[PDB]
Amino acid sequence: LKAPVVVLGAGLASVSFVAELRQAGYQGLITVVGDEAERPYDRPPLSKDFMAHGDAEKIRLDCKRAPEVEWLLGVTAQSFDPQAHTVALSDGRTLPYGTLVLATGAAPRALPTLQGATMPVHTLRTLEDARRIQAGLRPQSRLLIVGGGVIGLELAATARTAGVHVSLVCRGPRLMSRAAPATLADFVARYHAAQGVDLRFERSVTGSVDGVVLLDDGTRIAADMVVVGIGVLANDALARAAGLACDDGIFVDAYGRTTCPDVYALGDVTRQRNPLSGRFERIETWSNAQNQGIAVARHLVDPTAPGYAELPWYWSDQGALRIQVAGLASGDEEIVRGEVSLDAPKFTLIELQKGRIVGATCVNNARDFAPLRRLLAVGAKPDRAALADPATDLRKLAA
């Protein structure tokens, strides 16, 4: 691979990539440009233990496996010239590159109807966001969440534990409409409702007036704070300007190659093939950020290595629910292991397509999740009666 290496973005995907470059044996220059003036850190605690307990030194990413990297923190890459092989920085400097890696992630989507709001409206992506929101998470305050996705629901649980009244507006009929089985989504709504979350389905925010939010059904919700969690948009502006193929995300193959020679991309900023669906998708999971970063680095140092091939999965910690989801949300059959109950929730879902496992969910059942991911990866076709039988040991079965 061509030195020097320059990475744009200093999130999980970037850190994972540069650590793997070093581990795989690349000893040339690596320079990382990160617009946040923060020691690189992991985002999931921002909706949970950080939001609750406030210690950022418990959430930093370990860069020790990435020795001899210059991290330019608090600096924004403004453009790159793919012919000159240079990157223009906000501090006035220019970096040369042999290989450029775009790991710029994604930014929260804003709600146009709250654009000119005069009440506190925040999104939750950065340490700065978390600190700002947390400052207003006072007991008996009223929090309104817009969006029924995982970030909002993680925040909902954390806020309720802090004694914050929580209302949530979801424009669709169900929570977690993206990459979650309906059976899971239905249960998760039941759980949050039972914890005091005031859920509003099939409602959209139409605007706001002096501390009160307005909805499509002509009604009102007053709140001390709105946190908007309606998804993210890829940070692909530099790629678009430089002539790379992008569409809310930079298109890459399994080697992380963009359409521009010597420019790669990885993490949340990418649109890539989901091997289960066979379609291109923006995969915005923590596991993708890390594993795609590692795979792209490994193949750069050793071109005989295979391309990225991992199947997608994530977790979401929502109060008492430790949720794990792998693969596709549905197939032609769902198998349920255990009872689906608010009384000490513990259950496993298995999605199949023509007898083949194409997805799985575990709630408070991590022991089963790893063997199911192994079964999923090889497209296993186990006996559906055995899969249902609670007598069955999935770990054993995966062999």
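The first residue of the shown sequence is 1; numbering continues from there.
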With reference to the PDB entry, specify whether the mean Cα temperature factor is higher for 221-229 or for 252-260.
221-229
Which is higher in the entry, the mean Cα B factor of 373-381 or that of 8-16?
373-381
According to the Cα B-factor stored in this entry, which of the following is highest: 90, 99, 277, 113?
113
Which one of 267, 108, 139, 74 shows the biggest C-alpha B-factor in the PDB entry?
139
For residue 304, the third of its chain into which the C-alpha B factor falls:
highest
What third of the chain, by the recorded C-alpha B-factor, contains residue 209?
highest
What third of its chain's C-alpha B-factors does residue 347 belong to: lowest, middle or highest?
middle
Just say lowest, middle or highest third for the CA B-factor of residue 359 relative to the other modelled residues in its chain.
middle
Chain third (lowest, middle, highest) by recorded CA B-factor, residue given as residue 81:
lowest
